[PDB]
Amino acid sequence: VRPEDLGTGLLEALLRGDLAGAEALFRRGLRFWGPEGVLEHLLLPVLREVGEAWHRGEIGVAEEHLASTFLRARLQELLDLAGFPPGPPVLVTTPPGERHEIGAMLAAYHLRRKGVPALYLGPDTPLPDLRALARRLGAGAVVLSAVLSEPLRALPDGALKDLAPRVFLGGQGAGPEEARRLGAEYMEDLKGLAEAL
């Protein structure tokens, strides 16, 4: 399997319910592209394609579920293999109503890969509870991944302003203007998140 065919091979393995094969193809990608690379060049393209294929009516929700659940597990495995250093944590989650979690996981991963103690909470955290936990742990930052725009639209002006000393918002659902309205620092690239920290 040539690298440029790994994406289709992996999706095909998943759609035949061949998890073992899917795992082997993912690992080949990991060995070729490296950890950050396999996420960029294999995990993300497959997931986007899964979304487009669902939208065109080529696959159903259950096939997306299968693929997403599998890729989340692969990313979680990489996350546990990265360091978890000591010191004030960075809490990573998604806004209330946002159930797409892989962006948040990616953010947490890229941070840990740079030696930042990113605590991934899971998705969909109410803001008062998030604020309270950041406070109690002395969190240096809160990072939010927004895939959809609607959950940000549902929040009032300034809603993200006091969650932690620094509050970062990114993802396809977020933009500079909405981040300003909400009182968060906008971040375009995962790479520049650790730098900013």
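Superpose the two forms; the largest set of C-alphas matching within 1.5 Å is the rigid core. Note that residue numbering begins at 1 and tracks the sequence as displayed.
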| item | value |
| --- | --- |
| Comparing 29 to 37 and 131 to 139 where Cα RMS over structures and residues is taken in 6 other deposited structures of this protein (core fit), larger one | 29 to 37 |
| Entry-level comparison of average CA B-factors, 82 to 90 and 96 to 104, reporting the higher stretch | 82 to 90 |
| Of 17 to 25 and 177 to 185, the one with larger mean CA B-factor | 177 to 185 |
| Identity of residue with top Cα B-factor, from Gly171, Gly34, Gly138, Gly60 | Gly138 |
| Record-listed C-alpha B factor of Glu64: chain third | lowest |
| CA B-factor ranking of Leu43, expressed as a third of its chain | lowest |
| Chain thirds of CA B-factor: placement of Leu30 | lowest |
| Within-chain third of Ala134 by Cα B-factor, per the entry | middle |
| Cα B factor band for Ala146 (lowest, middle or highest third within the chain) | lowest |
